[PDB]
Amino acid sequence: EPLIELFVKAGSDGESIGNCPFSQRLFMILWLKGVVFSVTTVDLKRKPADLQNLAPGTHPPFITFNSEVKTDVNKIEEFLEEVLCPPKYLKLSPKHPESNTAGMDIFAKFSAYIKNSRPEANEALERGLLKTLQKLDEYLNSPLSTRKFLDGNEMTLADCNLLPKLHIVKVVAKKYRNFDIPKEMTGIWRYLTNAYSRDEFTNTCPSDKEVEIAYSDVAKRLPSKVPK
């Protein structure tokens, strides 16, 4: 097989796997393909001289493939899907193109919601976040449903992209806004439940504490709303 090393962002201790949805996506892709790979964390506040020599000024994630540096998460994904292909490897591209766009609008609504520091804007931003979650929920509950993942019962590239993002949204919105994805969004919860039972997702997730810390200077705290 080819020689593959994945370089990811280090967490707050400079060694752990840090918060980064792009790192996790690539880690998940390589896992799902079943190829040998290694994983190296990179502490951006104390970057090793040897890594700056290997990949000058390159921010994680990136890989080497047979010693050649490859960058840009989307291009790396496309390359891995192309090269690591049937019959030997599983094709991970979704069958349904709508799987590739489902939930892709959530992260930006989340980001605005948690970065906002005006209490008066909170409800509007919370509603926009909920509207995008609702769309995903409907996708997950509509026949392509009791299916496990976005595209069916197998994990696909679309899951590798979405799950890291949705996980961040869940952890960070809870910690900093006391926000819960409504239990009434049963499609989302079926999906997350399925994902949290899969080592490909759980083993590649940063700890809750690391995700929370990564946002401690991003999320803006708001005064508690006072009833009437």
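Residues carry their position along the shown sequence, with the first being 1.
(request) Scan the PDB entry between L144 and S145 and report the missing deposited residues as one of none, 1 to 3, 4 to 9, 10 or more. (result) Gap between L144 and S145: 10 or more residues without coordinates.
(message) Please compare 156-164 with 35-43 and name the stretch with the higher mean C-alpha B-factor in the deposited structure.
(response) That would be 35-43.
(message) Quick check: 205-213 versus 20-28, which has the larger average CA B-factor in the record?
(response) Mean C-alpha B-factor is greater for 205-213.
(request) Between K148, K135, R127, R118, let me know which has the highest C-alpha B-factor in the entry? (result) Going by the entry's C-alpha B-factors, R118 comes out highest.
(request) Quick one: which of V169, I63, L192, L54 shows the highest Cα temperature factor in the PDB entry? (result) Each of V169, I63, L192, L54 was compared by C-alpha B-factor; the highest is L54.
(message) Where does the C-alpha B-factor of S67 rank in its chain, lowest, middle or highest third?
(response) Answer is highest: the recorded C-alpha B-factor places it there.
(request) For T58, return the chain-relative third of its C-alpha B-factor as stated in the PDB record: lowest, middle or highest. (result) As the PDB entry reports it, the C-alpha B-factor of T58 lands in the highest third of its chain.
(request) Relative to the other modelled residues of the same chain, rank the CA B-factor of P94 and answer lowest, middle or highest third. (result) Middle third by C-alpha B-factor.
(message) Could you place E200 in the lowest, middle or highest third of its chain by Cα temperature factor, using the values in the record?
(response) As the PDB entry reports it, the C-alpha B-factor of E200 lands in the lowest third of its chain.
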